[PDB]
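>>> this one's sequence-less:
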Ligand SMILES: Cn1ncc(C(=O)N2CCC2)c1C(=O)Nc1ccc2sc(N3CCOCC3)nc2c1
Ligand SMILES: [Mg+2]
Ligand SMILES: [Zn+2]
């Protein structure tokens, strides 16, 4: 009850900022996550013993892949923490509980391959889940860990509150399918501009939580340039491995995943910032003005990629 987590001063201060990097010390990541739950939710939200045991089972079920790993899980949870802390009164008690857990679980048991690759490989998961293949797997894995003895961190919720939180977590994990992002943001754009956006409309909240999930999931592009640049290496290491596997199935991969087109990476980052990142943080800032630092950091990084193309780095 009276057992807080406390971080060193530099971390205590920087963790509140959107651009915080959780650092290379893996053994501190669980404590950083519990710290965020305690300040975002309260020290009473979860039984500490059950929470710690849930965190270590989730960690164990992330794989040693270059990007879709345990560090990504905690990084995406920190961005959600930052959004929630800067928008105190906009979110219910169940949403704060659900969304930090959703972010930690959103890529559970990722193998470093896209939905496309599973479908062309004809992976068993592509027969079990025809769309959002990995995302339905990630939610399924989340429910599994929640049902290990001693792992039900939601045990003190009523039957109906329990169903609401698992429903929040399910929609939040499905929304990390970037194929669903484009249409979700277009709808949010129209609703905001025609003034029909209503946060008491549950279907509207769902859309806004979906955009938050895309924003947290892409947060590599909102860090300081040195973090953004070194994370891009991890991202492309997965993409190029998938490219290699596409070639092994007798399929030329898209350029994004072809390691023979390393030269085109800076221009590929431009298209991605313009087509996905900038629009994502723009619409998010319109709906949640205090998330403007994410849009500002994204724009800074776009400018850094333009400088790479111009040979200034
Ligand atoms: C930065 N970032 N963060 C998340 C993601 C992301 O897509 N997701 C899916 C799981 C993570 C990305 C990212 O870089 N995405 C991205 C998208 C289109 C193209 S086209 C291209 N080039 C083609 C031409 O040749 C060079 C590269 N490179 C890219 C890179
Ligand atoms: Mg994912
Ligand atoms: Zn992710």
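Thanks, I have it. Numbers count the residues shown, from 1 in each chain. Ligands and ions are numbered 1, 2, ... in the order given.
>>> tell me how far the residue positioned nearest the centre of the chain lies from ligand 2.
By C-alpha atoms, centre = their mean, the chain has its centre lying nearest to residue 217, at 2.6 Å. Distance, residue 217 to ligand 2, using C-beta to the ion, to the nearest Å: 7 Å. Every C-beta, even on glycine, is put in place using the N, C-alpha and C of the backbone.
>>> thought that residue was touching residue 102?
No: taking contacts as C-beta atoms under 8 Å, residue 217 lies outside contact range of residue 102: 10.6 Å.
>>> and this structure, which residues reach ligand 3?
107, 217 (C-beta under 5 Å from the ion).
>>> repeat the analysis, applying 6 Å as the threshold.
72, 76, 106, 107, 176, 217 (C-beta under 6 Å from the ion).
>>> what's near enough to touch the residue in the stretch 201-313 of the chain that ligand 3 sits nearest to?
Closest approach of the stretch 201-313 of the chain to ligand 3 (C-beta to the ion) occurs at residue 217, with a separation of 4.4 Å. The contact partners of residue 217, by C-beta atoms under 8 Å, 6 or more residues apart in numbering, come to 76, 106, 176, 178.
>>> again, only using 6 Å
Neighbour list for residue 217: 76, 176 [criterion: C-beta atoms under 6 Å, 6 or more residues apart in numbering].
>>> repeat for the one 10 residues further on
With contacts defined as C-beta under 6 Å, 6+ apart, residue 227 is in contact with residue 21.
>>> does ligand 2 sit close to the helix or strand hosting it?
Residue 227 belongs to helix 225-248 when elements are defined using DSSP states H and E. No: shown here: helix 225-248 not in contact with ligand 2 (C-beta under 6 Å from the ion), separated by at least 11.1 Å.
>>> how about that helix against ligand 1, any contact?
Yes: for helix 225-248 and ligand 1, the contact criterion (C-beta under 6 Å from any ligand atom) is met by 232, 235.
>>> after that helix comes which helix or strand?
helix 265-272.
>>> from the middle of its chain, how far away would that next one be?
21 Å (C-alpha atoms, centre = their mean, to the nearest Å).
>>> ok, residue 53 - contacts?
Per C-beta under 6 Å, 6+ apart, neighbours of residue 53: 150, 151.
>>> what about it, which helix or strand?
Per DSSP H and E: helix 48-60 holds residue 53.
>>> in that helix, which residues are buried?
48, 50, 51, 52, 53, 54, 55, 57, 58, 59 (16 or more other C-beta atoms under 10 Å).
>>> do the same with stretch 151-162
With burial defined by 16+ other C-beta under 10 Å, the residues of stretch 151-162 counted as buried are 151, 152, 153, 154, 157, 162.
>>> can you give me the end-to-end distance of stretch 145-162?
Length of stretch 145-162, first residue to last, C-alpha to C-alpha, to the nearest Å: 15 Å.
>>> show me how far stretch 241-252 is from its chain's centre.
26 Å.
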